[PDB]
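Asker: So I've got this experimental structure, pasted below with the sequence.
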Amino acid sequence: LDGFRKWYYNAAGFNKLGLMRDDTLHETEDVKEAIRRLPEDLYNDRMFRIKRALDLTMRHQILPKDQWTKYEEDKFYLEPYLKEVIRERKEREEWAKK
Amino acid sequence: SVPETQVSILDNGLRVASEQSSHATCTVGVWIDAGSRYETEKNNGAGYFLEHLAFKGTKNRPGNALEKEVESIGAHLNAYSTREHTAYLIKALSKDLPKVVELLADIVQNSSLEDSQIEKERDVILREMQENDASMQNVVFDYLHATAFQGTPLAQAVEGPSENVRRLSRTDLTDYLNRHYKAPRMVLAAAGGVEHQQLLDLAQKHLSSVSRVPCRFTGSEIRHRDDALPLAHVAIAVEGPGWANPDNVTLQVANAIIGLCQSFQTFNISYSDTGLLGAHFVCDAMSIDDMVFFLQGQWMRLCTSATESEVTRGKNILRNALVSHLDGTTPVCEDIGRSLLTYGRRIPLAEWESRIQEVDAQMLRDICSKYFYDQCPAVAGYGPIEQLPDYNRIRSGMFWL
Amino acid sequence: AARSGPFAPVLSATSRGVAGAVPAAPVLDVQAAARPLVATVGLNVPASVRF
Amino acid sequence: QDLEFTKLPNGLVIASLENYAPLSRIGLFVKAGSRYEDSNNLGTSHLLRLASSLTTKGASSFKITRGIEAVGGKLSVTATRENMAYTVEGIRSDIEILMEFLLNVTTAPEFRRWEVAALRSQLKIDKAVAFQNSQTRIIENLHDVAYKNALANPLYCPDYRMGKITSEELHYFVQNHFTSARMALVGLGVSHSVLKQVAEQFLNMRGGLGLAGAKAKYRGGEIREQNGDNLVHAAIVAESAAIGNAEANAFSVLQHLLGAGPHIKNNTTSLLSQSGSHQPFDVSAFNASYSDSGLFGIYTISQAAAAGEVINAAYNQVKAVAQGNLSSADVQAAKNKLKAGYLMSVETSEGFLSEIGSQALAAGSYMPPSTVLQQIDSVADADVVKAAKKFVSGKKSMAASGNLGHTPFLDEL
């Protein structure tokens, strides 16, 4: 399962643009709240990575293979911050339900 | 376990009410059923100007020697006037209970209005009014009262128009004093470390001399546009039920549900079988209309769809707030004086709790539909109020399609 | 002048008249005295000054 | 019965009184005022005071707000230069979760960075609302010119420090001053046992004595700020006694002799107020005593033009009291005013809870209202005179604001 997940990570292809996994999340309301709660350095790296991926998609290029994002290396930075947004979101929802 | 408020009555009709408690300081006050509602537009500032003159000396205690006495025991002397009630209250120690009562007796009868003082208090009152305009929310609530009770004695303010203030004389005052200070319309209320029998004996000794002898809600709006002010104050109200109508309690729970504008306050002002129930908010010009829309939706919501839980919230909120027992002596008595003047009796907190717990969501939305839905409001705006909607838009926001 | 030394532009001000930039250099709803300050704030009750 | 005060072995004071009130109040008192900051973390106590509804380790923000408003209870924070007090009140059937919320807020905050970044704008708004009146600004200026290090720190955050207060500063302040030896948990309308039992779930984390605060040093100085207000709010104070010293009382009797504000809703209510008078002006005596130092002086509001001699007249009156020119009936009336003010301050429930709280942190003991009465009586005429001479001689500190073209200076005063 670990090797097949690495193969699927190579087949997804966002590592060839230098992106992380959390860069590829669709910005819903909860995702934008989690992005707003990021520290300044992580937010700046995320915006630069997104801008570089957009430039590479503009020129129809990819990064060199040494510059790709290694599956093992990818960091799920937004995840911790996101869970909270969802948790808080649900708590609020439940309160209203009841 | 809250001690009951015991009420006695002298021949004069002055109900002497007291509610003893451990606290060693007491708040002894006199309430009088006399306000701007009893004035007839020729003496529109008589109660206010008498409230200024009442501490400037009596016949027995001429001038500042009187207030020297209330400095000597370290007591605090306060007075206020509303559209329906006037109160003169003293916070003191328990052991100074007799002299305080005697002091209050002078303040209600045997009072002396010095002509010299009359000019000095006229300049005080005139000037304060000349600067009172500064307080916007007071201007907005006076405008709301005027446009809601057009043509009635409830439109006119407590202070009165500068005109009357300048044009007032001892005899006029004497009249208001001799007319609206009757013994059956007076309550001697005491709260805190007082004994009821001692207070009754003191009321028999002094104060036993006091002589024994509708409104129409015009739904409309007043707007004072002045664009130089930084913030806008808007009050919207409908007709209230009055003091004696129990659904007030339910309406209070509704206010506790409401509790977008920088400041949003709900009010239920009650007078004798009338009142103003509504909301006052103070906002920047470019937000005003949105506030109004917000506010009307809430009201409409309660009238349209209100859950069980929020009701519980209001019930509880009101409960804690309604809690006044041992909140403060000044409050405690204030409640005794108003309860004997309005209800004719002191409603205990257990009866308030029973009337709160009988309120559910169905009767709350029924009473809110009775008092808010499809009613013509009174609107009073002051400040940059151009984006404040006119009467058709507010009236259309008073119901849902 | 002579007294200026290196503090002239500090003891003197010169408007350009006719011949870093300024870095972009509110309103709240509105006596007694001498009771030491004790500021209070609350979750529900609005904050206040007890001057 | 009466209050009960067990001292726990980790230093926490527990005080309880069960009077079977329908609404019961529970407060927690910490020696963590603004005097414990230095020049590197100014305004941290203001953000800590405004950060009482932030997601705590135990409870999320939504709950800490919706749960207190669900039962209709109240959570408030009152802060002086020495002490902070977090108070909750509500129906007896909901004070268990009210103590859960309050003790979570006191003991285990999280101080998330996005929450404090949202709170700094509220900090600016709260400071503007607080400085909407002239007294607050002139007392803050008076403390800043009167003291050097400790009590000179403002209650409200400075303008440059907004945007600069971090989560780490709040965490450091809490970890260095919210320890059990500086805390008293006081409950009116509750059983002592539960307070003892709610003192174990929390208030057990930090058992230290906290990072003690520097000794406050007097500096003197007069600051005048032209602000335009027609009224020149001027406060002239000097160093006075600490809370505990007997001299303290003497200074309280001295302010009630000189005038402590009006007692009527406005004349001949003060030796000061009496000292000629043909204009609108307010004059009172100011006294603020903290556990190491005190400030006593005069406070004047007046028309700019007369601002001078009015201040001089007030000063001259105190000099008369420094020369023994007083009567025993005046001192007896001052004692009666002071004791009536104390009894009316403790007659309310929240004032009673604050008093017990303060006494706890200050002396660890409860002083029955009665005891105080006889101690105030202890103050005698000469004692009052003595405190006066202290003010009349000690270096003064002056904070002035308004149109100060005719406001005198300290070397002229």
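Answerer: That came through fine. Residues are numbered from 1 along each chain as shown, chains lettered A, B, ... in the order given.
Asker: List the residues that contact the closest residue to chain D within chain A.
Answerer: Nearest residue of chain A to chain D, counting by C-beta to the nearest C-beta: residue A:37, 4.4 Å away. Where C-beta positions appear, they are placed from N, C-alpha and C, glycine not excepted. Counting by C-beta atoms under 8 Å, 6 or more residues apart in numbering or on different chains, residue A:37 touches A:81, A:84, A:85, D:112, D:113, D:114.
Asker: residues in contact with the second one?
Answerer: In this structure, residue A:84 makes contact with A:34, A:37, judged by C-beta under 8 Å, 6+ apart.
Asker: ok, which stretches of chain A are helices?
Answerer: Under the criterion DSSP state H, helices of chain A are mapped to A:2-12, A:29-36, A:40-58, A:78-97.
Asker: buried sites along the second one?
Answerer: Taking 16 or more other C-beta atoms under 10 Å in any protein chain shown as the neighbour-count basis, helix A:29-36 is seen to contain the buried residues A:30, A:31, A:33, A:34, A:35.
Asker: now do the last one
Answerer: By neighbour count with 16+ other C-beta under 10 Å, helix A:78-97 contains the buried residues A:78, A:81, A:82, A:84, A:85, A:88.
Asker: Can you verify my assumption that residue D:195 contacts residue D:16?
Answerer: Yes - the pair residue D:195 and residue D:16 passes the contact test of C-beta atoms under 8 Å, sitting 5.2 Å apart.
Asker: Mutual contacts of these two, please.
Answerer: By C-beta under 8 Å, 6+ apart, the residues touching both residue D:195 and residue D:16 are residue D:187.
Asker: which bits of chain C sit near chain B?
Answerer: Contact residues, chain C versus chain B (C-beta under 8 Å from any C-beta of the partner chain): C:27, C:28, C:29, C:30.
Asker: how much space between the first one and residue D:316?
Answerer: I take that to be residue C:27. The gap separating residue C:27 from residue D:316 is 42 Å, by C-beta to C-beta, to the nearest Å.
Asker: list the contacts for residue 31?
Answerer: I went with chain A, as the question did not name one. A:25, A:78, A:82, A:85.
Asker: Chain C was what I was after
Answerer: Residue C:31 touches D:133, D:135, D:282, D:301, counting by C-beta under 8 Å, 6+ apart.
Asker: Please report how far it lies from residue D:281.
Answerer: 12 Å.
Asker: Now do the shared contacts for the two.
Answerer: What both residue C:31 and residue D:281 touch, as defined by C-beta under 8 Å, 6+ apart, is the set residue D:301.
Asker: re the thing from before, adding distance to residue D:354, write the helices of chain A out as a markdown table.
Answerer: A markdown table is the format used below for these (distance: least, C-beta to C-beta, whole Å):
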| stretch | distance to residue D:354 |
| --- | --- |
| helix A:2-12 | 61 |
| helix A:29-36 | 39 |
| helix A:40-58 | 42 |
| helix A:78-97 | 33 |
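Asker: quick one: contacts for the residue nearest the centre of chain A?
Answerer: Central residue of chain A (C-alpha atoms, centre = their mean): residue A:22, 1.1 Å from the mean position. Residue A:22 is in contact with A:46, A:75, A:76, A:77, A:78, A:79, A:82, counting by C-beta under 8 Å, 6+ apart.
Asker: try 6 Å this time
Answerer: A:76, A:77, A:78 (C-beta atoms under 6 Å, 6 or more residues apart in numbering or on different chains).
Asker: Looking at these, which is nearest residue D:171?
Answerer: residue A:77 (22.2 Å; C-beta to C-beta).
Asker: Now the closest one. Its backbone dihedrals?
Answerer: phi -70, psi -40 (degrees, to the nearest 10).
Asker: and it, how many neighbours does it have?
Answerer: 19 (other C-beta atoms under 10 Å in any protein chain shown).
Asker: Next, residue B:88: phi, psi?
Answerer: Taking degrees, to the nearest 10 as the convention, residue B:88 sits at phi -120, psi 110.
Asker: roughly how far apart are it and residue C:28?
Answerer: 34 Å.
Asker: And these two? Which one has more around it.
Answerer: residue B:88 (22 against 15).
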